[PDB]
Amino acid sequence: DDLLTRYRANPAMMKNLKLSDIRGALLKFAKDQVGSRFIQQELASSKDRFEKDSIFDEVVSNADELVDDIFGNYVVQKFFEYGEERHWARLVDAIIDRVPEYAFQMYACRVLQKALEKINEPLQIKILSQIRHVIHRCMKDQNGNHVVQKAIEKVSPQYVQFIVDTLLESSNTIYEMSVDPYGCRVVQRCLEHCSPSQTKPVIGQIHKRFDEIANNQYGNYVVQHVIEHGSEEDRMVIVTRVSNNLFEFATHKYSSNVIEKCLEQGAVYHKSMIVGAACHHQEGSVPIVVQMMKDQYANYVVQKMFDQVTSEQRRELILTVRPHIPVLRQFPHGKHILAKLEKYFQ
């Protein structure tokens, strides 16, 4: 019998087992649930640079088979950790040619994320040079998008310019990624970490289809990030768009969170535009804020206004709403909506 068949059987019986014992059993150990945990635990606890080195040549020699294995990916990742800097360059060479595929596989993409998190900028660029080949598809992929986010988080803005030019590659790309469950995460990291020279065209595309993106189930988080990481002028354009279409934005499922985001990250004069629009009445119709309290989404927006605005702005809200308390008690959940605001009406 081979070493692992023996070891899996009576594990206590082999408590005095070491990494250099494995020698050429490393592939079978790494791909094994018990064997993988032995390797991992040995690497974490060993104080012997040479035990750890002993298995490394097997790891490099079998890298393609281990990176997308359910257990083996943990063994490869151990050599991408701080403490193993001496092996980073070798291990990246072992996998560089198949990074375009590994980005898409659920286990190997974790090896790529671990490498980006730990290794130095020359090696990061080397990995990104392969991601460059598949970057659009990778951005939308359930595994690949985490790899692209990790790139944006851990690499200097200038070396993810190719990612920004992919967002900008065509007219509809940023709409396409913003309304995608995975690509929207990439747009967000970009908004958090790319330089103003890079974010300004991205935010420019977003603006062009703002309404559509704002009420998308993924796009609405993309515009929330624009509010939080964009410029004063971006916030002004958005608050102005939202103020002028307050009722439409407030009564839709997804855009209603955009108004709330404006109310949290908005300056006193932004809240003033949204409060002013809310208390402006038509000639016979009721004020927008009253209509909003009767709505399934917009009533949460009205309550966020009371939590976020100045006493003076709350005053105008209170003066606008109080003549309507009778009516608003009838409407669905109206009972609860005004109890939550009762604090303000006493």
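Note that residue numbering follows the sequence shown and begins at 1. Here the rigid core means the biggest group of C-alpha atoms that line up within 1.5 Å when the two forms are laid on top of each other.
- Root-mean-square C-alpha deviation from the shown form, taken over all structures in 4 other deposited structures of this protein superposed by the rigid core, is larger for 82-90 than for the alternative among 82-90 and 101-109.
- Superposing the other copies on the rigid core and comparing 31-39 to 282-290, farther C-alpha placement in 4 other deposited structures of this protein marks 282-290.
- Higher mean CA temperature factor, per the PDB entry, when comparing 267-275 with 67-75: 267-275.
- Stretches compared: 225-233, 104-112. Higher mean C-alpha B-factor in the entry: 225-233.
- Per the PDB record, residue ranking by Cα B-factor puts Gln282 in the highest third of the chain.
- Split the chain's modelled residues into thirds by C-alpha temperature factor. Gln33 is in the lowest one.
- Annotation for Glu176: CA B-factor lies in the lowest third of the chain's modelled residues.
- Ranked by C-alpha B-factor against the other modelled residues of its chain, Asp165 falls in the lowest third.
- In this PDB entry, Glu81 carries a Cα temperature factor that places it within the highest third of its chain's modelled residues.
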